[PDB]
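Quick heads-up: it's one chain on its own, the form deposited in one PDB entry, in structure tokens.
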């Protein structure tokens, strides 16, 4: 079961607050609701939390607790000191090849874990890749794409597979996440968002659906050839042409090991 937490256990998407738990220290509280009583929801919510709490691995964030109070509902998640991946890439300092390589490996590990549990992320992107004080990463579902009830209770398209652009009814598959990961590889080397010279959303969506992809040229820092190859394979228009995360890991780990570790 999930840990039940109380708002009075604390000191000083949704209302996101760095909160100091009076016993366990710094955590992140995502208060998803404040308003009229709605106890009818409760059961479901609790259940959902438990389900989502079974997803435990070094490379995914932990649900530390839930607050289920009269008209106040909160998810409490571990605190990731360095914030999201894009924030980390965009700070004054910098990162060796080896470290960006490790970040990629840890992303692969996390996604392989989720897929091994039968869980499709659906919204993998740098905002959902959080970084600890030691530059190790954990994948998160901050937009609550998989927490259906908490989402109900309660938006870049740059990393979304083209089969979902202008088709919201198509079901996502593991390959949806593999595409997202390809654009993440790009962003890790460009240190910024793709498509900066797109005309506008409509035309850009149509261009991506017709095969346009992030500009490999706008990567001006060094990116290993096999990571360029990898991102191009993972963003193939045909989802069937994209590899699985196990296939990805079984190529990437020894490359990281033989050239980057």
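Numbering follows the first chain given and starts at 1. Superpose the two forms; the largest set of C-alphas matching within 1.5 Å is the rigid core.
Omitted here: the form deposited in another entry. The next part is about that form.
For residue 212, a C-alpha deviation below 2 angstroms is recorded between this form and the one not shown after rigid-core alignment. With a cut-off of 2 Å and the rigid core superposed, residue 79 has a Cα displacement that falls short of the cut-off between this form and the one not shown. When two forms of a protein are overlaid on their rigid core, residues whose CA moves 2 Å or more are considered shifted, and residue 103 is not one of them between this form and the one not shown.
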